Every structure is written in C-alpha cells, then in structure tokens.
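Heads up, the chain below is alone and in the form deposited in one PDB entry; it's given as structure tokens.
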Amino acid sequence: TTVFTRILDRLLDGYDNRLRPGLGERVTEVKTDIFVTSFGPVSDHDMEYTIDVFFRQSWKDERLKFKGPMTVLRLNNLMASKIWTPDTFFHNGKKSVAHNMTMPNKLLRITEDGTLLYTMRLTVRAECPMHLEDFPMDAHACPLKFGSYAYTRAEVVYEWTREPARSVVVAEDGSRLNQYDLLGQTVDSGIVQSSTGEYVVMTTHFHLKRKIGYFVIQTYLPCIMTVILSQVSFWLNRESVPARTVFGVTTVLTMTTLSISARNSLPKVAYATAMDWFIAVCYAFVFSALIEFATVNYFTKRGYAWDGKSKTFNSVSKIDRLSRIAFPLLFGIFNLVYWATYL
C-alpha cells in the first residue's frame, strides 16, 4: 500500500495542469469512442433528442510517467481534477448532464507509459433540426458533434480509437424510441472554422425513420371513411332534402373534428406537411359533396318521392348519376398521386 501511495503523491510534483501535454512541441492526439447505452426519446416539438453514453477519451501525457509494481493507476476524483484533460464539448448540445450519483460517474486511469484512459457517463440533449415537409412519412439524420472548445487543430486533434464505424457502439436494447426506428449511424470527422480558428469536429449521425402505422388508424383511415361517407349521399333519393342536408353538413363537422385533432398532434410548424395537404383535400371533397346537392336540389320539381307502387315522379338526377363516378374516381386518383409521391 505504501508503494502505491507514494506514487500518487509523487505524480503531481511540478505538474502544471493549465498546460496541455506537449505544449508548444506537438499536437495532443485524443482517441475517443462512444457506447450508446440508450438512444433516448426524440422530440419533434423541441427538435431535440436524448442520448445516454459512456464517453471514452484516451491520450498521452509524458509528465505522468511512473515506475512501480503496478502498471495501471486509478486516480481519485480529486486527483482527476488536478491534471489536464481535454475540454471536449458537444457542438449541438442543448443541456447535458454528467451523472454524479452516488459518486461522480467518472474514471481516470494512468498506465506507466503516461497513457490516460478517461471515461464518463453522460446524458446529452442535442439539437436535431427536422424538416417536416413529408410528415408523417419523413426520415431524419440526427447529428452528434463534439470537439475541443478551446484548442485548435494545431494543438488538439481528435480521432476514433478504432475504425470510425466500430467506434460508436449502440446497446442492443438501447433504442428507447416510440415513433422512430433507428436504421443505423454513420461516423465521420472533419474540420470546422470559426472566429477563433480551426477545430477538429468528430461527428455521428443517427438515421431515424418515422413509424406511420399510428397515423393511418388515427388520421388517414377516419378521413378516408368520412370522405366515402360524404359520397354515399349521392345514392340517396333527391327528394330526401333533410336527410341529405344533414348528411352533408354533419360530414363537414366530422372532417373539422378530425382535421383539428390531426394538427394538435403535429409540432407547431408554420408550413404545410404531407398530412396537411391530405386533410385539406379531404375537406374540399366533403365540401364539394354538399355543394353538389345544392345543385341537385335546385332542379328537383316534386317534393314527394316515388311511392313504390307505380301522377309523375322526378327522374334520378344526372348530377347525382355523374357524381357517383366523378367523386370516387377523383378521390381515388388523388390517393394514388399522394401515396405514390410520398412513399
């Protein structure tokens, strides 16, 4: 124990933690990898996603070489704060959390050679800009970028510990998504220029695709059935004015109920998504079905219907006879164009 204890007290002798390793001598190379324990929920309203990770960083500091019985030292949390570590941050982070229960969820190890392995457990909220034009049939690439806040690429460079594809690992039970499928990810790195210089940026994109089954049973199917129900009025006799007026006006109120609820589910954007157009067209169809009867009723001559046992009677409207074909056909065509366009 004494041999182990002496090394720790000796390590920070003359060590300046305000200076990065190899200052003014070379570039400090940081090898990093991520293990995503759970790709947390994605928020369309906030355009952000949560991600729980074990963020791992490795680099070399010659000032921390040591000799002794053991080849690896586990520094204390107080010791870890006495030495220089990379100032890695997330470029698109919104409000991240470093877990501190029951102790700080961090660990810093030192090998005899001066190699530091540094791990921490983080919950990161990150920005994921979403273009919801094709909603609910949209896909997104949510990014995760990080790098040094203060050190330009001439000072600190980041790299992946192994092949970039094998450096970000997601747990098999990590997907905590209700409305998305995690198709996969791509891992890259590059350079970013800002007002303070050029910096190395390590990037990861999570490719997400929205599940559509919810919206078919909630929005599309009821809307389609309401439109079908508005056309069923064309098959009622023209003399039943109160029945076909109630049919048409109340189908309009049903579309309004469906149409309003569909938007309340949408994130508060101010452009027309795919579902907006489908609802608008369904509204026009149901609107046009009641306008059609206004024309049919305008040419009905007799207020009584055929009595079943035959005095002249109204003929079946030519507006109704054609509408029985034009309305189903036009709506059918609109569905092929809509569903082929977006799928």
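Rigid core: the largest C-alpha set superposing within 1.5 Å between the two forms. The first residue of the shown sequence is 1; numbering continues from there.
- According to the entry, the deposited sequence places 10 or more unmodelled residues between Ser310 and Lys311.
Another form, the form deposited in another entry, is not on view; read the next lines as being about it.
- In the core-superposed comparison between the shown form and the other one, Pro129 has its Cα shifted by less than 2 Å.
- Core-superposed comparison between the shown form and the other one: the CA of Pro267 exceeds or equals a 2 Å shift.
- Comparing the forms between the shown form and the other one, the C-alpha position of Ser317 differs by 2 angstroms or more, with the core used for superposition.
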